[PDB]
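**Q** I need the structure of the sequence given here:
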Amino acid sequence: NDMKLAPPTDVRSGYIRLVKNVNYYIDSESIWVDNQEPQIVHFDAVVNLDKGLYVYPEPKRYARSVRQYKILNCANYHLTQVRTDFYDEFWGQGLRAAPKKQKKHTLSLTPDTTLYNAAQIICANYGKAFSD
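**A** Residues are numbered from 1 along each chain as shown. Pasting the structure now:
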């Protein structure tokens, strides 16, 4: 409960800030468009935290950001959460920690939500189409 962070307001080059959360970003550099099915795009979402998470071996060390590996299908807006890593610096960098079991799931995105904005942006620029 105790710890308290000031997430950067200035945005690191290549990070795309999303609607509805000024601390949630797409790491533009991490984007991989699948060779076999170009509608499928892999990317990291990166969240700068408001409150430190004590997820490290040593209980005084806390994370400042989270990096999450996503896979997006631009044809049906399915978004799979693949893995989560915690970092002790902002922008998903620095000393890393992670859960033993990674909890995975796929959603079908819905309008007016943070990750839907991500998909509109990614698909518009990397899915390369005009048009769900």
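**Q** Mind jotting down where the helices sit in the chain?
**A** Secondary structure of the chain (DSSP state H): helices at 114-122.
**Q** all strands of this protein, in order?
**A** For the chain, applying DSSP state E gives strands covering 15-18, 21-33, 40-53, 63-73, 78-89, 93-97, 105-108.
**Q** In JSON lines: the ones you listed, plus mean neighbour count and distance to residue 132.
**A** For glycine as for every other residue, the C-beta is placed from the backbone atoms N, C-alpha and C. JSON lines is the format used below for the strands of the chain (neighbours: other Cβ atoms under 10 Å; distance: least, Cβ to Cβ, whole Å):
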{"stretch": "strand 15-18", "mean neighbour count": "18", "distance to residue 132": "19"}
{"stretch": "strand 21-33", "mean neighbour count": "17", "distance to residue 132": "19"}
{"stretch": "strand 40-53", "mean neighbour count": "19", "distance to residue 132": "15"}
{"stretch": "strand 63-73", "mean neighbour count": "21", "distance to residue 132": "11"}
{"stretch": "strand 78-89", "mean neighbour count": "18", "distance to residue 132": "11"}
{"stretch": "strand 93-97", "mean neighbour count": "14", "distance to residue 132": "35"}
{"stretch": "strand 105-108", "mean neighbour count": "10", "distance to residue 132": "10"}
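**Q** Grab the most central residue of the protein for me.
**A** residue 45 (1.2 Å; Cα atoms, centre = their mean).
**Q** Surely residue 11 touches residue 26?
**A** No. In terms of Cβ atoms under 8 Å, residue 11 does not count as a neighbour of residue 26; the distance is 11.1 Å.
**Q** For residue 75, list the residues it contacts.
**A** By Cβ atoms under 8 Å, 6 or more residues apart in numbering, residue 75 lies in contact with residue 39.
**Q** Ramachandran coordinates for it?
**A** Main-chain dihedrals, residue 75, degrees, to the nearest 10: phi -80, psi -30.
**Q** could you measure it against residue 106, distance?
**A** Going from residue 75 to residue 106 by Cβ to Cβ, to the nearest Å gives 14 Å.
**Q** Check residue 77 too.
**A** Distance from residue 77 to residue 106, by Cβ to Cβ: 11 Å.
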